[PDB]
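Starting off, we have a lone chain in the form deposited in one PDB entry, written out as structure tokens.
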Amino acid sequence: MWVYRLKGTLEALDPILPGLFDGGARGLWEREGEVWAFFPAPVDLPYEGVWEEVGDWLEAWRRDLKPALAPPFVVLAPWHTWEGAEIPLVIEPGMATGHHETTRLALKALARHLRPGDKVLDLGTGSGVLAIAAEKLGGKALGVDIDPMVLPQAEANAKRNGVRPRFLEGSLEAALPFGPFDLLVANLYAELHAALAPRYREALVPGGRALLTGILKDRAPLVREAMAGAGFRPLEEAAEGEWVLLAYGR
């Protein structure tokens, strides 16, 4: 990763800016009078600035990391331990963990809604945290992610927890041969929830439930309209900070 420094501001170099995201840049940053453009690979940009090295801000996170409580669970890093009666969820921190509101809302919602023996679909599994949580609760879990890179860590997470979800690459359609399901849990944008609503009804048995998070307070109406439209009935909402969880029965 290499930074690229430019002779101006985000509003004085406003028409050379598109050409930078054709160069592969991931992001732009304004300084005391400089635009810093970061790249995964260096190419021959015509604007004649200057290139710098890779180099702090990764470990300030990993090492300040306190266990995250989400009764009945506590989410712990491989290097933590726990005194309490909580169910420990050990998760190697990195590509999505346990400390975000949305994960906590979904973990508490699993505990309220999941019956031992239920088939669970965890959509956008990332770390496998919710699929793993579900297995700890006696559910039979499939976690899917459209990014096949996360899958091996999801597996490693599951093995440190003594559980065996199934993990597959894909989204709803790839889960279909393994279903139907009793419960769907999904940490995803409001806009995605709203698009997928009909297919959610398809993935669930009659009387099945959907637990939906990743939803911003202000964007919840999108999901409510879509879910009602797909024939679901509202069970309850839960909120923390900017985020809500929405629960539905088909």
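Residue numbers here begin at 1 and follow the sequence given. Superpose the two forms; the largest set of C-alphas matching within 1.5 Å is the rigid core.
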Legend entry - Gap at residue 97 across at least one third of the other PDB entries: yes
Inset, instruction - Please say, as none, 1 to 3, 4 to 9, or 10 or more, how many residues of the deposited sequence are without coordinates in the interval between residue 142 and residue 143. - result: none
Legend entry - Unresolved deposited residues lying between neighbours residue 55 and residue 56: 1 to 3
Inset, instruction - Would you mind comparing 227-235 and 5-13 for me and telling me which has the higher average C-alpha temperature factor in the entry? - result: 5-13
Inset, instruction - Using only the Cα atoms and their B-factors as the entry lists them, report which of 87-95 and 120-128 averages higher. - result: 87-95
Legend entry - Given 42, 67, 207, 198, the residue at which the Cα B factor reaches its maximum: 42
Inset, instruction - Could you tell me which one of 183, 186, 50, 222 shows the highest CA temperature factor in the PDB record? - result: 50
Inset, instruction - State the tercile, meaning the lowest, middle or highest third, of residue 215 with respect to the CA B-factors recorded for its chain. - result: lowest
Legend entry - Within-chain third of residue 192 by Cα B-factor, per the entry: middle
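Form deposited in another entry: not shown, discussed below.
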Inset, instruction - For residue 18, decide whether the Cα shift between this form and the one not shown is 2 Å or greater, given a superposition on the rigid core. - result: yes
Legend entry - After fitting the core, residue 195 CA displacement of 2 Å or more between this form and the one not shown: no
Inset, instruction - Could you check whether the CA atom of residue 244 moves 2 Å or more between this form and the one not shown, using the rigid core for the fit? - result: no
